[PDB]
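As a plain string of letters, each chain reads:
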Amino acid sequence: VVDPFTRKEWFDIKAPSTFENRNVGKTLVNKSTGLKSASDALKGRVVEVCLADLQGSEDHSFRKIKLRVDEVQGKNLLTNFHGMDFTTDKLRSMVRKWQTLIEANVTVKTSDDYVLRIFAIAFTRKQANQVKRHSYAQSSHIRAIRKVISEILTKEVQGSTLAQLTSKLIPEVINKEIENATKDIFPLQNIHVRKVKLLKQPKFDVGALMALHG
Amino acid sequence: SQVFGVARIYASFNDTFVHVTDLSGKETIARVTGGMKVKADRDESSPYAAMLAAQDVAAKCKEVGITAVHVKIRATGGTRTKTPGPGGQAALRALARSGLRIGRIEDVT
Amino acid sequence: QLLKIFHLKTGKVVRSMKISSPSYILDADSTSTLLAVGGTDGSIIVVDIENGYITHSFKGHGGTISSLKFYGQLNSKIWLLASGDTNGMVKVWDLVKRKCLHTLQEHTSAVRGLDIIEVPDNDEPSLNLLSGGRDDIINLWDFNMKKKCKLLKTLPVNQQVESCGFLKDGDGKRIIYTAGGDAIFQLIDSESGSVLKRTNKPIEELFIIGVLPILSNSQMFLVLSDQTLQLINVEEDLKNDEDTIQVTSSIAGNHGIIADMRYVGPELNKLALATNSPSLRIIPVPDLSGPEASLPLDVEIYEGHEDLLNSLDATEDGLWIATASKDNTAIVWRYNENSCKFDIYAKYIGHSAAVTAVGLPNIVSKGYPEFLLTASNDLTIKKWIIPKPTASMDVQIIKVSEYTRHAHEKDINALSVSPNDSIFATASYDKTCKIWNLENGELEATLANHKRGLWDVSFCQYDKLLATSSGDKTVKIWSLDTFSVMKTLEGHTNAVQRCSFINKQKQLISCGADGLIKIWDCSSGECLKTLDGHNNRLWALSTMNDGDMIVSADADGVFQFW
RNA sequence: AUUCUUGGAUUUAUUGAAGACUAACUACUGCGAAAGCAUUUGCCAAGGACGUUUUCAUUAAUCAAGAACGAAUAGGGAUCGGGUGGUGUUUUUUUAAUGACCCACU
RNA sequence: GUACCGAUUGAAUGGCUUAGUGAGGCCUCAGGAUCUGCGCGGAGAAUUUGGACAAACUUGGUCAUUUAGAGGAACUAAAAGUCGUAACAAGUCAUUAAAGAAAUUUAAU
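Residues numbered from 1 in each chain as written, not as in the entry; some residues may be left out. Chains lettered and ligands numbered in written order. Part of a larger assembly, values for the part shown. Heavy atoms only, no water. Residues with missing side-chain atoms left out of burial classes, pairs and counts.

Q: Where do I start with the overall build of chain B in this structure?
A: For chain B, the count of helices and strands is 2 helices and 6 strands. Shown N-terminal to C-terminal, the secondary structure of chain B runs as helices and strands in the order β-β-β-β-α-β-α-β. The C-alpha radius of gyration of chain B comes to 13 Å, within 12% of the 13 Å expected for a compact globule of 109 residues. Principal-axis analysis of the C-alpha atoms gives chain B an extent of 40 × 30 × 25 Å. Within chain B, contacts between residues separated by at least 24 positions form 61% of all contacts whose residues are at least 6 apart in sequence. (Helix = DSSP H or I, 4+ residues; strand = E, 2+ residues; numbered from the N terminus. Rg over C-alpha atoms; globule rule 2.2 N^0.38 Å. Contact = heavy atoms within 4.5 Å.)

And the structure:
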C-alpha cells in the first residue's frame, strides 16, 4: 500500500522565445527531499512534439521538434532544442513508383561549437506534356546534384546558431535555395531536410541560454 | 485548458499493450494490460478483453487528475507482422467511450 | 460518479446523486445534520437536503477540491469559506448568491484544505485559522469580513502537511493534533508557532482525519493507519499526567493475505499471524467479534522488522515467539510484554540469505524452548543454542563458522521437529526430504521419491508416521524406520501445500491449492470429509487439541471454523 | 506443454557494444563470358558502344587435345546508350549559358 | 508407550579423592618513551632480583538415578492385517400558482 501519486510533484513545461505559445504541457517528477531532491537528479527527459501544436498553423503538420531539458526555477523549466523529426506516413507516402530517390547528409560545427549532422532528402518531379511514364535521372546529374546541395548546406551553417538557424528551418528558405540552384540541371519536387540531430554540445552556458527568455 | 499525456497503445499479436505516460514519456502511469483480466491464454488479445482493461486504465487515469491524452499506436514491426492487432481498435474505442479527450494521434510502428 | 443518500441502518436509497459528469471524490455531513454537499475535481457545488431539494447552482470557479469543512452560517465546502485549488488561493464569499466578496492570493504551492478546520467566532480577537494539505507549509490566517486578510506567522519547520486541527474552545494554547503525510504527527502551539512534541510511531503516510466530538485536551485520540487503529495518550508532554511520547494501544484488524499462522496461548488461546506488513497482529481466535477489545493482555502490535514476515512459530507455552523475515535476522518476542531491550529477546545476525523458515524444539519447561532452530535461504540450517545462561536473552554466535549443515543445492521450504529431540526432517525444493540429528548434525536419512519440490513436512505426535506434501497432487506418508513408504494419499485436484496431524492423532488434514480443505483419516487412508467455504488458495493450518474448531488460511483474511 | 519473473519479468526513456544489410523506389531495366553485380564519398586501372577524312594490311572464322573460373523473312510499337538536325519549348525581369523536355533521323 | 529383571558404573550429576596444572594484585635493587617552572623537581609506559597472600582448572575410581540400553517377560495400543466361521438388517391524478435556467420544494380545487 503506497499510492505514489499523492506524493508526486505536479509540474509543467516552458518553451523558448522564437516560436508561438511558450506553455506546452505537464509532467511529474518527485517530492523534493534531502538526499535526492527532485531538481538536481535527472534533468534529462525529452519531449518530442509537432510544431503545428506549437504555432497553431496547419501547414506544418509534419516536422516534430525534440526538446532538451536544461534549467528549472520552481515549476518553471526552460528547454533547449534537441532534434528535428519527420512523420512516418508521409515518407511512406512521398516515395512514388517510377521516380528517383536522392538523399544527402553532412556533419559540421556551428558558431558556438554545437556539432550537428543534418539530413537532406530530395525527390524528382514530372513536368507538363511529358510523354513517357518514368522520367528518371541520369546518375551523373545525381553525382552533381548531391554535390551542389553540399556547399549550400555549409554556407548556411556555422553562422548565428539555432536562434537564427531553426528560424531559417521553419519557413524552409534553405529548401528553396536548393531549388534555386538545382533548376539548371533537373528541377525537383517536395525536398525537405527531414531530420537533424545533436551530438557534441560543448558546455551548459546558462547565461547565453537566458537570451531567449523574457 | 487541459492536462495532457500520451497513452502509447502497443497492439501486438497474442497480447496488446498499453501504458499511459507523461508528455516526456519516461514517467509511466497505470499500465495494466489486456491479458491480465482474462485466464484462458487464448483471449489475451481479444477485443472483448481489450474493452475491459482499457476501461480500468481509464478509471485509474482520471482518479489521479489526468483529463486529456494523446496516443501513439504501435504494431510489432521490424521483421514482424507490421500490422496492428484486433483490440487496438477496441482499446481506443473503450477509453474514448469512457469520456476522455483525443487529439492528433499517430503511428510509431 | 456515485453519491447515495441513505436513512437508518436498512440502507435503502433515498436519492442518488449521479448528475455531474466529473466523478465525486468525497462526502460529508452538515452541522444541520440533514444537508450534504460533496467535492469533485471540477468544483461543481450543489447543496442538497434529503427530503429532497438540491439547491441553486453555484458555478464561479474551476479548480479541484480535496478537502471540505462546514460552518453554522456558511454551510458549504471549501468553495464558499475559502477556495480549494491546484495552485493555492483563498476566496471570500457570502451565504447570498454567486457574487464574489473578496479574493486572497498568497500561495506559491498547491493547497486544497484552506479552511480544513474551522475558526468558531469568525471575528478572531485571539483566534486564528489554519490551512494546509499539499503545500507542506502551515500559515496563520486571519478572518476579515470587510477587509483583506493578514498573515500572522508561517510554519516552515515541517516538511509535509495533509490535514490540520484547531482547538474547540479556540484559544490554541491547548493541544493541536497535526497530521502530516511524512509518517509524522505532531502537537503544536498556534499562539507561539511552536511544536509541543513530535510523535514518530508509523512508517506509513498519515491519512485524512475528521474531528472527534470531544472538547479541549482530549480524552482519547484515534490515529489512522492501514487496516488498523491506534489509541494514544492525550498529553504526550507534561500537560496533565505524563510526557515523553508513547502509544496507549494499537488495535489490529486483518490483512488480506496470510503467509503463516501459529497458536500462541498455552491454552491454545492467542493466534499471531505473518503477513506482508512488518507488524504482529494477535486478534483473531479469542476475538469472535470484530476489532480486538477483549485480549487477556494489553492490546498492542509488535514491530522490530524491516521487511515482510514469511513465517512464524512458537512452542507450547508461548513465551518464546520466533518470527522470520527477509531482513536476514531472527527476532523472538515474549508473551507477557516485558523484556530488557524493547520486547525482543535477541536479534540473530549471521545469516547469509533471507530467513523464510523458523522453528522451536519440543517443549519441556525451558532449555529446548529457550533454544532456536531456524532455516535460511543460504542452503544451510542454523541451530542457535547457548545452554549455560538462559538461551534467547542476548545475541548468540554458535553456528556461523562451520557448524552449519550443508547438503542442499535448492532452497528449503519448511522444517519440522520430532516429538523427541533426537531427529528432525526438513523439506526443500530439490525433491527430497532429509532427516538430520539435532545433537550433532549428521545426515540421518534422505527421502527422494518425488515429482516436484516439497513444501511442508509433518511428524505425528506418536512419532511412528511421517507426512509430507509434494506437487504431484499426492501426500506421502513414510515409516518411522523410513525404509519404505507407508501410504500414498491421492485425490487432490491441485498441488498440496500443507499437511498436519491432529493432536488426538486420528486425522491427517490437508491444505493445498484446491480452493478447498479436505480432512483424511490416518487409519485407513480414506477421505473422512471434504470441507468447502473457500474460493481462494490455502496457505497455512492450525488445529487445537480438541479437533472440532479448525481454522484455515485464505487470500482475503476469511477465517472459518467447524 | 516448454521459458522468464518482485535482485522488478514485459514495457517506457537514455547511452554503449556487436555483427549484418542497404525496405519504399527496384523494372520482364543496366552491367559482367557465366559464376554474379543495389548506402555516401574518394582512388586505381579496365571494358564496350557511339563519333572519327587517325593507323597496320588479310594479320582471319570455327574447333578434338590442353587452360581458367563455377558446384567440383521484314515491318509495328516500347525502352536503354550514343550521335545529328530544330520555320522547338522551358529554366532565363541575369548579361549570357550548361541541363531537361519534345519532333525527326540513325 | 508405561511399569518390572539385567550387563555396560558408557553420557550427565552428586559425596570423597590419588595425581598433574595454576590466575591475580603488594614491596624492593636496578630501567627511563616523557614534564607548566631561576643548579632540577612533580608525574610516568616496557623489562627485572628476592619475599609473602592466593582462588582456581583437569583426569580416574567407588555408589545412587536418568538416558542409551544387548539380553528377558507382561500390560496397553491396533476396535487394526490377512484368512475362515456365524446370523441379522438393508433400498397525491389533472390544471395552475410561488422559489429555482433545469430537477426539485410549497400551495390551491
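Q: Would you mind showing me how to read the nonpolar core here?
A: A general tendency of soluble globular proteins is for nonpolar side chains to be buried together. Judged by nonpolar contacts, the single largest core of 26 residues is most densely connected at A:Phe81 and A:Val196. Taken together, the elements giving at least two residues each to this core come down to β4 (64-72), β5 (77-84), β7 (115-123), α4 (141-156), α6 (173-182) and β8 (196-198) of chain A. Ranked by residues supplied to this core, first place goes to α4(A) with 5 residues. Ignoring any residue separated from it by four or fewer positions in sequence, one finds A:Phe81 in contact with A:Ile65, A:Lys66, A:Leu67, A:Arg68, A:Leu162, A:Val196 and A:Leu198. One finds C:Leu104, C:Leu114, C:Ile117 and C:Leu129 within the second-largest nonpolar core, a separate group that totals 22 residues. (Core = buried A, V, L, I, M, F, W, Y, C linked by side-chain atoms within 4.5 Å. Buried < 20%, exposed > 50% of the residue type's maximum accessible area, 1.4 Å probe, protein only.)

Q: Looking at this structure, I do not really get the interface of chain A and chain C. What am I missing?
A: Bring the parts together and some accessible area is lost; that lost area is often taken as the interface size. In this assembly, 8 residues from chain A lie in contact with 7 residues from chain C. Ranking the residues of chain A by area buried against chain C places A:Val1, A:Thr6 and A:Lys31 at the top, with a combined share of 68%. Measuring nitrogen to oxygen at the nearest pair gives 2.7 Å for the salt bridge that ties A:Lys31 to C:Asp136. Where chain A touches chain C, the interface holds 4 residue pairs in polar contact. (Buried area = accessible area lost by both parts, 1.4 Å probe. Salt bridge = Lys/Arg side-chain N within 4 Å of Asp/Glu carboxyl O. Polar contact = N/O pair within 3.5 Å; in protein donor to acceptor, adjacent residues only side chain to side chain.)

Q: Explanation requested: the pairing of strand β15 (residues 221-224) of chain C in the structure shown.
A: Across a regular strand the side chains alternate sides, sitting on one face of the sheet and then on the other. Residues and elements named next belong to chain C. With burial as the criterion, only one face of β15 is covered, namely that bearing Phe-221 and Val-223; the residues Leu-222 and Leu-224 on the opposite face remain uncovered. The sheet contact formed by β15 and strand β16 (residues 228-232) spans 4 bridges and is antiparallel. Note on β16: the bridge partner recorded for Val-223 is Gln-230. Hairpin connection, β15 to β16: the antiparallel pair is bridged by 3 residues, and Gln-227 has positive phi, about 60°. (Pairing = 2+ DSSP bridges.)

Q: I keep staring at the side chain of C:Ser30 and nothing clicks. Help me out?
A: Residues and elements named next belong to chain C. Mapped onto the elements, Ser-30 comes out in the loop between β3 (24-26) and β4 (35-36). We classify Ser-30 as buried; its relative accessible area is 7%. Polar contacts involving the side chain of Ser-30 include one to the main-chain amide nitrogen of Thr-33, which spans 2.7 Å. Here the side chain of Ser-30 touches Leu-35 through a polar contact of 3.2 Å, landing on its backbone oxygen.

Q: Which parts of the structure should I look at to understand the protein's contact with RNA strand E?
A: Residues and elements named next belong to chain C. Taken together, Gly-52, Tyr-53, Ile-54, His-56, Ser-57 and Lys-464 make up all the residues around RNA strand E. Among all atoms of RNA strand E positioned within 4 Å of the protein, those belonging to sugar or phosphate total 45%. Take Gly-52: an N or O atom from its main chain is 2.4 Å from a sugar or linking oxygen of RNA strand E. Separating a base nitrogen of RNA strand E from a side-chain N or O atom of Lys-464 is a distance of 3.0 Å. Here the surface near RNA strand E is composed, by residue class, of 2 nonpolar, 3 polar and 1 charged. (Near = heavy atom within 4 Å. Nonpolar A, V, L, I, M, F, W, Y, C, P; charged D, E, K, R; others polar.)

Q: I'm lost on empty space enclosed by the protein in this one. Help?
A: One simple way to see leftover space: roll a probe sized like a water molecule over the atoms. Residues and elements named next belong to chain A. Of the pockets and cavities examined, the largest cavity occupies roughly 380 Å³. Lining the largest cavity are 24 residues, with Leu-116, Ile-118, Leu-165, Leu-169 and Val-196 sitting closest to its centre. Put simply, the parts of the chain that give the lining of the largest cavity at least two residues each are β5, β7, α4, α5 (162-169) and β8. Considering each element in turn, the lining of the largest cavity owes the most residues, 5 residues, to α5. Here the lining of the largest cavity is built from residues that sort into 16 nonpolar, 4 polar and 4 charged. (1 Å grid on protein atoms, 1.4 Å probe; cavity = no way out; pocket = protein on both sides within 12 Å on 5 of 7 lines; lining within 4 Å. Points joined across faces, edges and corners; volume = space filled by probe spheres on them.)

Q: I keep staring at the protein's contact with RNA strand D and nothing clicks. Help me out?
A: As a structural note, the neighbourhood of RNA strand D is formed by 26 residues, with A:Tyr136, A:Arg146, A:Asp184, A:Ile185 and B:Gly25 the closest of them. The contact in question runs from a sugar or linking oxygen of RNA strand D to an N or O atom on the backbone of A:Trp98, over 2.9 Å. Contact between RNA strand D and A:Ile185: a sugar or linking oxygen at 2.7 Å from a main-chain N or O atom of the residue. When the residues that make up the surface near RNA strand D are grouped by side-chain class, the tally is 7 nonpolar, 8 polar and 11 charged.

Q: Before we go on, may I ask you to explain the packing of aromatic side chains in this structure?
A: Describing an aromatic ring pair means giving the distance of the ring centres and the angle of the ring planes. Applying the stated criterion across every chain, the model contains 11 aromatic pairs over all chains. An angle of 55° between the planes, with centres 5.5 Å apart, marks the rings of A:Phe62 and A:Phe86 as tilted. Of this pair, A:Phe62 sits in the loop between α2 (52-55) and β4 while A:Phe86 sits in the loop between β5 and α3 (89-94), and the two are 24 residues apart along the sequence. Pair check on accessibility: A:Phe62 and A:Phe86 agree, each one buried. With centroids separated by 5.9 Å and ring planes inclined at 35°, the aromatic side chains of B:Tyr10 and B:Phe17 adopt a geometry described as tilted. In this structure B:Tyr10 comes out as buried when scored by relative accessible area, which is 16%. On the basis of relative accessible area, B:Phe17 is assigned to the partly exposed category, the value being 36%. (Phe/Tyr/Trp six-rings, centres within 6.5 Å; stacked < 30°, edge-to-face > 60°.)

Q: For this particular structure, what's the right way to read the packing of helix α1 (residues 47-62) of chain B against helix α2 (residues 87-98) of chain B?
A: A pair of packed helices can be characterised by two numbers: the angle between their axes and the separation between those axes. Residues and elements named next belong to chain B. Between α1 and α2, the least distance of the axes is 8 Å, while the angle of their chain directions is 40°. On the basis of their axis angle, the class for α1 and α2 is oblique. Pair α1 / α2 crosses with right-handed handedness. When α1 is examined against α2, the residues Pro-47, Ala-50, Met-51, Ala-54 and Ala-58 are found in contact with a partner set consisting of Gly-87, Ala-90, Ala-91, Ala-94 and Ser-98. Looking at the contact of α1 with α2 residue by residue, the class counts come to 8 nonpolar, 2 polar and no charged. (Axes fitted to C-alpha atoms, helices over the stretch in contact; angles between N-to-C directions. Parallel < 35°, antiparallel > 145°, perpendicular 65-115°, else oblique. Left-handed = near helix turned anticlockwise from the far one by under 90°.)

Q: Got a minute to help me understand the sheet that holds β7(A) in this structure?
A: Consider a sheet: its strands pair through backbone hydrogen bonds, and that pairing is either parallel or antiparallel. Residues and elements named next belong to chain A. If you walk across this open sheet you meet the 6 strands as β3-β4-β5-β8-β7-β6, and the pairing is antiparallel. The outermost strands of the open sheet, each flanked by one partner alone, are β3 (49-50) and β6 (101-109). Where β7 meets β8, 3 bridges bridge the pair, whose relative direction is antiparallel. Considered in β8, the bridge of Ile-118 is made with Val-196.

Q: How should I be thinking about the sheet that holds strand β33 (residues 474-479) of chain C in this particular structure?
A: Residue and element names in this part refer to chain C. An order of β31-β32-β33-β34 is seen for the 4 strands of this open sheet, with the pairing classed as antiparallel. Each edge of the open sheet carries a strand with a single partner, namely β31 (457-459) and β34 (485-490). Strand after strand, the sheet turns through a mean of 20° between neighbouring axes, direction not considered. Here β33 pairs with β34 via 5 bridges, running antiparallel. Bridge pairing in β34 places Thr-474 opposite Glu-490.

Q: Honestly, the layout of surface pockets in this entry has me stumped. Any pointers?
A: All names here are of chain C. Roughly 1,500 Å³ of volume is contained in the second largest pocket. In terms of lining, the second largest pocket is formed by 50 residues, of which the most central are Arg-262, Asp-313, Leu-415, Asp-456 and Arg-498. Among the elements of the structure, β18 (260-263), β20 (309-314), β24 (355-359), β27 (412-417), β31, β35 (496-501) and β39 (541-543) are those that each provide at least two residues to the lining of the second largest pocket. Looking at the lining of the second largest pocket residue by residue, the classes come out as 26 nonpolar, 18 polar and 6 charged.

All we've got here are geometric facts, nothing functional implied.
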